[PDB]
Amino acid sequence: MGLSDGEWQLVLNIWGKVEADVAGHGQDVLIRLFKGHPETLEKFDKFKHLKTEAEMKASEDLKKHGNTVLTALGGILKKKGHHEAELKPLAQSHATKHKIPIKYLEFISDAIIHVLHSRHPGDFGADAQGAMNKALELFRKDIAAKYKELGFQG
């Protein structure tokens, strides 16, 4: 499931573009996630009134969440697979406190890739697409294993 050094370089180069506007990218990720998979939105009582894309884009609170999520994921990606320390608290909260179904991590991975195509079509070529897919697959695989270790089957 690992990535080569070259693959990690493609991942971190496109992530570098995300880092120019972490909150905005993160907002767009959550908009894609919530619109495409409304069951995910249901996990956020505070966002229940957000129905349209425009309403979601207008929400500074959703933007803050976008920043939270992509800040943590960026920290994980920069470790190039050596992310035990970063993954531990995230698995613990999402498995045992928030109880977020493991499938939703696939949905958010898809959403990240959608946003990268949307914002960076010139710089997100097929090699970067493949490498980013591998990186998100590794993250998902590792956090799914932790979910089970923690006793969360959802």
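Position 1 is the first residue in the sequence shown; the rest follow in order.
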| property | result |
| --- | --- |
| 104-112 versus 82-90 - which carries the larger mean C-alpha B factor in the record | 82-90 |
| Comparing 65-73 with 95-103, the one whose average Cα B-factor in the PDB entry is higher | 95-103 |
| Out of 127, 53, 28, 39, residue topping the C-alpha B-factor column of the entry | 53 |
| Ranked against its chain, the third holding the CA B-factor of residue 120 | lowest |
| Chain-wide C-alpha B factor ranking for residue 134, given as lowest, middle or highest third | lowest |
| Ranked C-alpha temperature factor of residue 146 among modelled chain residues, by third | lowest |
| Relative C-alpha B-factor of residue 47, binned into the chain's lowest, middle or highest third | middle |
